[PDB]
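If you want the building blocks of each chain, they are given just below.
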Amino acid sequence: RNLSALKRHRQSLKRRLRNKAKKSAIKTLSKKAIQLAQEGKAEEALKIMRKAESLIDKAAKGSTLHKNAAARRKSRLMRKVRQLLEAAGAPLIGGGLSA
Amino acid sequence: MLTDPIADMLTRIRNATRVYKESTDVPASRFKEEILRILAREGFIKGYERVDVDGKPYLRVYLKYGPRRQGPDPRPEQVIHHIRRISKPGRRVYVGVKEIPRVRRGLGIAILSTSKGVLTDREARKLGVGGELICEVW
Amino acid sequence: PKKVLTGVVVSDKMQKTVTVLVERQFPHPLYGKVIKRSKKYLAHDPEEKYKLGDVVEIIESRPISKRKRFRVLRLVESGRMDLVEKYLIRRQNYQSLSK
Amino acid sequence: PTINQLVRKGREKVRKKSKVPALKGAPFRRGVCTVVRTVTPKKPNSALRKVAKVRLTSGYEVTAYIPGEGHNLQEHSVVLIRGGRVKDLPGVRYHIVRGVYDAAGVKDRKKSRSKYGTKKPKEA
Amino acid sequence: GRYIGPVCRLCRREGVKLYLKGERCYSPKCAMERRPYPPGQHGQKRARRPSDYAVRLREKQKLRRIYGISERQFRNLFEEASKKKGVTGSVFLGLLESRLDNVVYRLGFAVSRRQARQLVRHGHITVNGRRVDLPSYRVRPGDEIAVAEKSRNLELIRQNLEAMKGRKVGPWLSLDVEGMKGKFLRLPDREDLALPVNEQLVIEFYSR
Amino acid sequence: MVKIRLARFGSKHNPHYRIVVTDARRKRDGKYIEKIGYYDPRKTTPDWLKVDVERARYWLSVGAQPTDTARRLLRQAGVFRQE
RNA sequence: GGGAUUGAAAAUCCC
RNA sequence: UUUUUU
RNA sequence: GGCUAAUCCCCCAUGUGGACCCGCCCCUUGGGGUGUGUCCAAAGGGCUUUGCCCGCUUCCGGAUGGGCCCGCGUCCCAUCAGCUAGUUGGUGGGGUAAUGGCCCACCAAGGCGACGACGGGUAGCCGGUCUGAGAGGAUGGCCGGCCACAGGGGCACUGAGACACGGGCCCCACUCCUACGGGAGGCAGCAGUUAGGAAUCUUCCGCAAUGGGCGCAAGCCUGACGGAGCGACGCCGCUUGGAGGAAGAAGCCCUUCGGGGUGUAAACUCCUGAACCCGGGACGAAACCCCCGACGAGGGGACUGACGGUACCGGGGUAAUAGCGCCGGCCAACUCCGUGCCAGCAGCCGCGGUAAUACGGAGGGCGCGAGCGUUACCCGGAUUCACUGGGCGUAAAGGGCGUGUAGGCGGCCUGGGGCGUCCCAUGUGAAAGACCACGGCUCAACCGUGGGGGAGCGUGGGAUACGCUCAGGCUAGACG
Ligand SMILES: [Mg+2]
Ligand SMILES: [Mg+2]
Ligand SMILES: [Mg+2]
Ligand SMILES: [Mg+2]
Ligand SMILES: [Mg+2]
Ligand SMILES: [Mg+2]
Ligand SMILES: [Mg+2]
Ligand SMILES: [Mg+2]
Ligand SMILES: [Mg+2]
Ligand SMILES: [Mg+2]
Ligand SMILES: [Mg+2]
Ligand SMILES: [Mg+2]
Ligand SMILES: [Mg+2]
Ligand SMILES: [Mg+2]
Ligand SMILES: [Mg+2]
Ligand SMILES: [Mg+2]
Ligand SMILES: [Mg+2]
Ligand SMILES: [Mg+2]
Ligand SMILES: [Mg+2]
Ligand SMILES: [Mg+2]
Ligand SMILES: [Mg+2]
Ligand SMILES: [Mg+2]
Ligand SMILES: [Mg+2]
Ligand SMILES: [Mg+2]
Ligand SMILES: [Mg+2]
Ligand SMILES: [Mg+2]
Ligand SMILES: [Mg+2]
Ligand SMILES: [Mg+2]
Ligand SMILES: [Mg+2]
Ligand SMILES: [Mg+2]
Ligand SMILES: [Mg+2]
Ligand SMILES: [Mg+2]
Ligand SMILES: [Mg+2]
Ligand SMILES: [Mg+2]
Ligand SMILES: [Mg+2]
Ligand SMILES: [Mg+2]
Ligand SMILES: [Mg+2]
Ligand SMILES: [Mg+2]
Ligand SMILES: [Mg+2]
Ligand SMILES: [Mg+2]
Ligand SMILES: [Mg+2]
Ligand SMILES: [Mg+2]
Ligand SMILES: [Mg+2]
Ligand SMILES: [Mg+2]
Ligand SMILES: [Mg+2]
Ligand SMILES: [Mg+2]
Ligand SMILES: [Mg+2]
Ligand SMILES: [Mg+2]
Ligand SMILES: [Mg+2]
Ligand SMILES: [Mg+2]
Ligand SMILES: [Mg+2]
Ligand SMILES: [Mg+2]
Ligand SMILES: [Mg+2]
Ligand SMILES: [Mg+2]
Ligand SMILES: [Mg+2]
Ligand SMILES: [Mg+2]
Ligand SMILES: [Mg+2]
Ligand SMILES: [Mg+2]
Ligand SMILES: [Mg+2]
Ligand SMILES: [Mg+2]
Ligand SMILES: [Mg+2]
Ligand SMILES: [Mg+2]
Ligand SMILES: [Mg+2]
Ligand SMILES: [Mg+2]
Ligand SMILES: [Mg+2]
Ligand SMILES: [Mg+2]
Ligand SMILES: [Mg+2]
Ligand SMILES: [Mg+2]
Ligand SMILES: [Mg+2]
Ligand SMILES: [Mg+2]
Ligand SMILES: [Mg+2]
Ligand SMILES: [Mg+2]
Ligand SMILES: [Mg+2]
Ligand SMILES: [Mg+2]
Ligand SMILES: [Mg+2]
Ligand SMILES: [Mg+2]
Ligand SMILES: [Mg+2]
Ligand SMILES: [Mg+2]
Ligand SMILES: [Mg+2]
Ligand SMILES: [Mg+2]
Ligand SMILES: [Mg+2]
Ligand SMILES: [Mg+2]
Ligand SMILES: [Mg+2]
Ligand SMILES: [Mg+2]
Ligand SMILES: [Zn+2]
């Protein structure tokens, strides 16, 4: 008995918390940016959406989102902001989006 | 309506030869005629020619038989010992050029319908084509 | 070579979708006679162009739904309802032969 | 049958029924005897044929013929079944192996010893 | 192991002189002399007309027993000829004649096939310089079948090759008598063999 | 990782190897990508080593990896000789 | 179980 | 009555 | 609860480049380019420490492995005939590497079935194998490929990859510990145990080879593997002597009582020398590494055996296991006695109720031979499910008759098309196997190298007689 592939399951749990946290941040920030687009606030929506983007690629640096899985999140996010901003557009910050 | 005009012609011949009729008529069609051309070329019939029988075209097929024979049953040996339609309607038989049969170990023929025309088995094989296997004759 | 089939539209009644019936002819593997088999394909019609009775080319396509892997290439022959009526009669025969 | 028919229905392979339900289709099966009887035979012949009812490891209960001139088979002895019918006794489909667990071979049998399960004797 | 037992008895059951005894199948004792009938209590009785099978069987036994071969090696040898290009009949013969045990006999190194079979087994035979102790070895055309110089002084070898002076050898064979050498020139033909056997009977015996 | 190695194809006590390109993850006697030569260790035949170098050079340009043994035989047929 | 009985056996008859 | 038409 | 290192984790920076929104261009399903805007990089260690080695980061490409999709083929029952609610489609969304009713919300009312749906039964599939003249039938052990499963059921985490045999969680059955609160297990890995069973092996040696994991490397791990062991379980090779030897011993057996048979068989004469003894004694092994050259090419050198003191070579050298079935016909081999519808044989037809070539023994003979018989199963014979290749008046088999749906089938002439059909090329058809050739074990079985074939499907081009199809025409079939 007592194989020290047990050490592997130990690290498994450590990495579980790392991936789970960053993902929890992505979701919590993404929805925050969209709630502002839907409520019209253009500057705050953008300034937030940029930090969601950064947190996404940062999660793709390691083993959390490593693939184009991260670009999937970025793609779906930036669409809904610009579209939800289309009720009284006025895209103030215009940081993350293109002219 | 005639169900299969070819096997009908093949039979009109098969039946004529057994009572030894000099000639026999089969209703005219080009594809029929192209078969009789192969027979007449192979010496199974004296020949054939077109005729009108009460306003409609037919083909007079002239059958040849062997010499009269010796004691009982003088009736002659047949030139066409066997005719059988192969590819019938409702079961069609096509062969590639390697699927062509050797009839009677070379002594008979197998009439083929090919894209290059109606041929014997030999003529087909040296033409390098295959097709629908109409009949054995020997 | 994406597989390309040519059949007839037998069902109109979906949204952005038409049923194509495609006949097939092959010699039987033992008995040799040429036999005629049919298969119904669910083809994608995004403009609702194609109607009942149109004979259409069908092309192997990237999946659209469950049971939809072909799209409508083009129209071969327009509006021959005879093909449909042979199929409808056949479907209608199944209403006997139960009880 | 027209070719069309042969396409619609086709031929039907003939399922051969086994003549020996020694289950698991095994080559033999060991069983325990119930009775040891002597059966009157079929019409053209007459004798006292020694047989045995056997309970099988396949869960079967069948008659078996006891070959040889004399047997030691008792009411409770265990035996091995062979298969092969006694033509002139109806319902007897399986022979019994002589020279197996409790069925000794035939004493003093000198000609065919593979059958009837007897060893090779010595000659002085 | 091949058949081991009386032999001039099987001379009889086939009805044709067998030479497996070597000499004395020549001297008037072969038992084919003044006893041509088959063995057994009923050997002197008048035999019934053999069945169509009976003839084909005695003909193969006639051939199998001449070369001193078991059925196993015999039938495997035959099924080889049916596959090979050429007449299954005569191809079978050339394959039996290619046996090293038979070659030794055919060369006069040994009185009989049985004696030749022991000579190979005990290593007294060289094949292209190498010792070969298997009688089933297939001799190829061109191979040199000598005697081992170890036994070249053995009196049984000098005995046969003293009687082999002046004797002619087969048109597919040649040998040097002093150095005890010998060569397998080519495979033998139907006409090359004198065997008293109808091959077309034995071919027909395996059609069943 | 695609590797160049040997696959055992003789019999007991009579080994013969096939120099072979295959993924290192497959069994040693299992399906391979290409056979690029043979090896007879007992050197029983005059030709007991063949390669087809120009083919073996290909799989190196794309990054196949030879065993310590497979390389020893390739260098004999001069796969690396560059003069 | 033994005789009559039949080629033999059943059945039948005798200690 | 039952086997064996010799 | 407290201290700490890092190739552990994080923030800023640099933007070759990439990711995302939007615009444009070329392509044409989400492929390639481009502009503005936003977002994203990293880790050090080692020595022969001024330079090189093992690494790290972002990107494009190669290779290899794989996910998903599609056409076609894939057993029995119709005494299973109707199935379907995420079920069929749509819009939008979640999710994944990615399409998708994969999941979800809302809308439409569809989808499938006699060309066999739904249900039941059975079953991993294939390369192949066995058989057969072939068409076909049967089969899927070993070896090779794909799949699925890890006591039963469900689920996720980690990760490039798993929903993971020897990883994790929970439910259930069972075994063990138990301070009765609670815990630990999971040989369908190698051996081995027990149970079932007619029946299936060693608790073996070895890291020397080949392969795999980590490592600069030295090396470590490897029940993959290579070997040995046991079992006639199969194939193949080999021995149980060879030559001389009586018109013919003894014993047994038959007999017309003359004799016949076992039989050149034994005895005996001569030669060889399986076992066994003695000595020599392998190939499989050359690299990884060290030195020279730059740690490259190349050269040089050294260590490295389980099998095993086995194979093999040389010397010496003894006449030295034979069995099993059958002998009425098919089917090759016959006589005596014993037994009397008994005892028994029997694959089928049948033997045996006083002369049995059939039961039982003997003598003899036939057939194989380290085997020989048997039982079970598979194909064959069986043209007895008939495509090649059968039938239906009396032998098994024409439906009691009609009307007619679907389906099958289609007279004569022309033209277009080229779906079936045929031809050329081409890709594919892995290896092994099967076939021919040659070669390595003294032969063979076994193994190696080379050669050729192959239906099927993809693709490009070509032919148009016949079948199909569209257009036209005829009157011999049918109808009026
Ligand atoms: Mg570790
Ligand atoms: Mg929250
Ligand atoms: Mg993940
Ligand atoms: Mg035919
Ligand atoms: Mg030509
Ligand atoms: Mg519609
Ligand atoms: Mg389109
Ligand atoms: Mg109803
Ligand atoms: Mg069917
Ligand atoms: Mg059953
Ligand atoms: Mg059963
Ligand atoms: Mg019976
Ligand atoms: Mg031949
Ligand atoms: Mg040839
Ligand atoms: Mg010659
Ligand atoms: Mg092996
Ligand atoms: Mg793999
Ligand atoms: Mg070389
Ligand atoms: Mg190079
Ligand atoms: Mg703490
Ligand atoms: Mg740039
Ligand atoms: Mg940055
Ligand atoms: Mg890091
Ligand atoms: Mg790929
Ligand atoms: Mg079944
Ligand atoms: Mg349901
Ligand atoms: Mg409902
Ligand atoms: Mg539901
Ligand atoms: Mg339900
Ligand atoms: Mg979607
Ligand atoms: Mg994943
Ligand atoms: Mg999507
Ligand atoms: Mg269908
Ligand atoms: Mg089921
Ligand atoms: Mg089951
Ligand atoms: Mg199963
Ligand atoms: Mg064969
Ligand atoms: Mg199968
Ligand atoms: Mg489970
Ligand atoms: Mg469940
Ligand atoms: Mg990893
Ligand atoms: Mg899944
Ligand atoms: Mg799994
Ligand atoms: Mg385990
Ligand atoms: Mg594991
Ligand atoms: Mg646990
Ligand atoms: Mg037990
Ligand atoms: Mg290694
Ligand atoms: Mg070092
Ligand atoms: Mg260990
Ligand atoms: Mg092993
Ligand atoms: Mg043997
Ligand atoms: Mg002798
Ligand atoms: Mg001596
Ligand atoms: Mg060496
Ligand atoms: Mg240096
Ligand atoms: Mg070097
Ligand atoms: Mg080493
Ligand atoms: Mg020696
Ligand atoms: Mg002796
Ligand atoms: Mg006989
Ligand atoms: Mg018997
Ligand atoms: Mg008596
Ligand atoms: Mg008597
Ligand atoms: Mg007897
Ligand atoms: Mg056997
Ligand atoms: Mg059978
Ligand atoms: Mg058949
Ligand atoms: Mg047949
Ligand atoms: Mg038929
Ligand atoms: Mg019949
Ligand atoms: Mg009637
Ligand atoms: Mg009618
Ligand atoms: Mg109709
Ligand atoms: Mg027509
Ligand atoms: Mg039609
Ligand atoms: Mg035309
Ligand atoms: Mg075409
Ligand atoms: Mg091709
Ligand atoms: Mg192959
Ligand atoms: Mg050789
Ligand atoms: Mg080959
Ligand atoms: Mg084409
Ligand atoms: Mg018309
Ligand atoms: Zn003789």
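Residues numbered from 1 in each chain as written, not as in the entry; some residues may be left out. Chains lettered and ligands numbered in written order. Part of a larger assembly, values for the part shown. Heavy atoms only, no water.

- For this deposition, the record names X-ray crystallography as the technique by which the model was determined and cites 3.4000 Å as its resolution.

1. Concerning helix α1 (residues 6-38) of chain A
All names here are of chain A.
Moving on, step 1. The end-to-end C-alpha separation of α1 is 49 Å, in line with the 48 Å expected for 33 residues at 1.5 Å each.
Moving on, step 2. Listed in full, the buried residues belonging to α1 are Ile26, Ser30, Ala33, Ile34, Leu36 and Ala37.
Moving on, step 3. Next to the buried residues of α1 lie α2 (42-61) and α3 (69-84). (Helix = DSSP H or I, 4+ residues; strand = E, 2+ residues; numbered from the N terminus. Expected span 1.5 Å × (residues − 1). Buried < 20%, exposed > 50% of the residue type's maximum accessible area, 1.4 Å probe, protein only. Contact = heavy atoms within 4.5 Å.)

2. Remarks on the sheet that holds strand β3 (residues 56-63) of chain B
All names here are of chain B.
Moving on, step 1. Taken in spatial order, the three strands make up an open sheet running β1-β3-β2, and their pairing is antiparallel. Looking along the sheet, the strands with just one partner apiece sit at the ends: β1 (23-27) and β2 (45-53). Taken over all neighbouring pairs, the strand axes of this sheet differ in orientation by 30° on average, direction set aside.
Moving on, step 2. In this sheet, β3 lies alongside β1 in antiparallel orientation, the contact comprising five bridges. Note on β3: the bridge partner recorded for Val26 is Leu59. (Pairing = 2+ DSSP bridges. Axes fitted to C-alpha atoms, helices over the stretch in contact; angles between N-to-C directions.)

3. Side note on helix α7 (residues 155-163) of chain E
Quick reminder: α-helices carry 3.6 residues per turn. Residues three or four places apart thus point the same way.
Residues and elements named next belong to chain E.
Moving on, step 1. Taken residue by residue, α7 has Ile157, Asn160 and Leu161 as its buried positions. Seen end-on, α7 carries its buried residues on one side only, within an arc spanning 90°. Every exposed residue of α7 that faces more than 90 degrees away from the buried side is listed here: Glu155 and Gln159.
Moving on, step 2. Its buried side turned inward, α7 meets α6 (113-121) and β3 (145-147). (Arc of directions from axis to C-beta.)

4. Here we look at the sheet that holds strand β2 (residues 17-23) of chain F
Note: strands within a sheet are paired through backbone hydrogen bonds, in either parallel or antiparallel orientation.
All names here are of chain F.
Moving on, step 1. The mixed open sheet is built from five strands, whose spatial order is β4-β3-β2-β1-β5. The open sheet terminates on both sides in strands that have one partner only, identified here as β4 (49-50) and β5 (65-66).
Moving on, step 2. For strand β1 (residues 2-8) and β5, the ladder comprises two bridges, and the chain directions are parallel. Residue pairing across strands places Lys3 opposite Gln65, the latter belonging to β5.
Moving on, step 3. Sitting on the sheet, helix α1 (residues 53-61) is in contact with β1, β2 and β3 (34-39), with an inclination near 125° to β3.
Moving on, step 4. Packed on one face of the sheet, helix α2 (residues 68-76) meets β1, β2, β3, β4 and β5 and runs near 90° to β1.

5. A look at empty space enclosed by the protein
Residues and elements named next belong to chain E.
Moving on, step 1. Taken as a whole and assessed by the stated rule, the structure comprises four cavities of 30 Å³ or more.
Moving on, step 2. Each pocket or cavity is described by its volume, and for the largest cavity that value is around 110 Å³.
Moving on, step 3. If you go around the largest cavity, the residues you meet are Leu63, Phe78, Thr88, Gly89, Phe92, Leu93, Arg190, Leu195, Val197, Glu199, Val202 and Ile203.
Moving on, step 4. Those elements that provide at least two residues to the lining of the largest cavity are α4 (88-96) and α8 (199-205).
Moving on, step 5. In terms of residue count, the dominant contributor to the lining of the largest cavity is α4 (four residues).
Moving on, step 6. Among the residues making up the lining of the largest cavity, the classes are represented as eight nonpolar, two polar and two charged.
Moving on, step 7. Of the volumes computed, that of the second largest cavity is approximately 50 Å³.
Moving on, step 8. Lining the second largest cavity are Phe109, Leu119, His124, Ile125, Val147, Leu156, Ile157 and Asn160.
Moving on, step 9. In terms of residue count, the dominant contributor to the lining of the second largest cavity is α7 (three residues).
Moving on, step 10. Per-class residue counts for the lining of the second largest cavity are six nonpolar, two polar and no charged. (1 Å grid on protein atoms, 1.4 Å probe; cavity = no way out; pocket = protein on both sides within 12 Å on 5 of 7 lines; lining within 4 Å. Points joined across faces, edges and corners; volume = space filled by probe spheres on them. Nonpolar A, V, L, I, M, F, W, Y, C, P; charged D, E, K, R; others polar.)

6. Focus on the protein's contact with RNA strand I
Moving on, step 1. Close to RNA strand I lie 250 residues, the nearest being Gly95(A), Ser11(C), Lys66(C), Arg109(D) and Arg114(E).
Moving on, step 2. Within 4 Å of the protein, the atoms of RNA strand I are drawn from sugar and phosphate moieties in a proportion of 79%.
Moving on, step 3. Residue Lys43(F) places a side-chain N or O atom 2.7 Å away from a phosphate oxygen belonging to RNA strand I.
Moving on, step 4. Looking at the surface near RNA strand I, the element that brings in the most residues is α3(A), giving eleven residues.
Moving on, step 5. Of the residues belonging to the surface near RNA strand I, the class tally is 74 nonpolar, 68 polar and 108 charged. (Near = heavy atom within 4 Å. Polar contact = N/O pair within 3.5 Å; in protein donor to acceptor, adjacent residues only side chain to side chain.)

7. Examining the interface of chain C and chain D
Moving on, step 1. The partner chain D presents six residues to the four residues of chain C that form the contact.
Moving on, step 2. Taken together, both faces of the contact between chain C and chain D bury some 450 Å²; the carbon and sulfur share is 73%.
Moving on, step 3. At the boundary of chain C and chain D, one finds zero salt bridges.
Moving on, step 4. The interface formed by chain C and chain D includes one residue pair in polar contact.
Moving on, step 5. By residue class, the composition of the side of chain C that touches chain D is two nonpolar, one polar and one charged. (Buried area = accessible area lost by both parts, 1.4 Å probe. Salt bridge = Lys/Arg side-chain N within 4 Å of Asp/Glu carboxyl O.)

8. Comments concerning the pairing of strand β2 (residues 17-27) of chain C
Residue and element names in this part refer to chain C.
Moving on, step 1. Taken together, the three bridges between strand β1 (residues 4-11) and β2 define a ladder with antiparallel strand orientation. The residue bridging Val9 from the neighbouring strand is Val20, located in β2.
Moving on, step 2. Linking β1 back to β2 in an antiparallel pair, the connection comprises five residues, with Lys16 at a positive phi of about 55°.
Moving on, step 3. In the sheet, β2 pairs with strand β3 (residues 34-44) via eleven bridges, with the strands oriented antiparallel. Along β3, the bridge assignment pairs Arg24 with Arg37.
Moving on, step 4. In textbook terms, the turn of a hairpin is the stretch between consecutive antiparallel strands, and for β2 and β3 this stretch comprises six residues, one of which, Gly32, has a positive phi near 80°.

9. What to know about the arrangement of the chains
Moving on, step 1. Taken together, the three pairs of chains in contact show their highest number of contacts between chains C and D.
Moving on, step 2. Across the gap from chain A to chain B, with no contact made, the nearest C-alpha atoms are 54 Å apart.

10. With respect to the layout of surface pockets
Moving on, step 1. Quantified by volume, the largest pocket comes out at close to 620 Å³.
Moving on, step 2. Lining the largest pocket are 18 residues, with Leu21(C), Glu23(C), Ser38(C), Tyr87(C) and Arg90(C) sitting closest to its centre.
Moving on, step 3. Elements with a minimum of two residues in the lining of the largest pocket: β1, β2, β3 and α1 (81-93) of chain C.
Moving on, step 4. Considering only residue class, the lining of the largest pocket consists of seven nonpolar, three polar and eight charged.
Moving on, step 5. Volume-wise, the second largest pocket comes out at about 510 Å³.
Moving on, step 6. Lining the second largest pocket we find 20 residues, and of these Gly108(E), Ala110(E), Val111(E), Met164(E) and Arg167(E) sit closest to its centre.
Moving on, step 7. If you list the elements that add at least two residues to the lining of the second largest pocket, you get α5 (100-106) and α7 of chain E.
Moving on, step 8. Here the lining of the second largest pocket takes three residues from α7(E), the largest share from any one element.
Moving on, step 9. Of the residues belonging to the lining of the second largest pocket, the class tally is eleven nonpolar, five polar and four charged.
Moving on, step 10. Of the residues that make up the lining of the second largest pocket, three or more belong to each of domain 1 (1-96 + 194-208) and domain 2 (97-193) of chain E. (Domains from an automatic or database assignment.)

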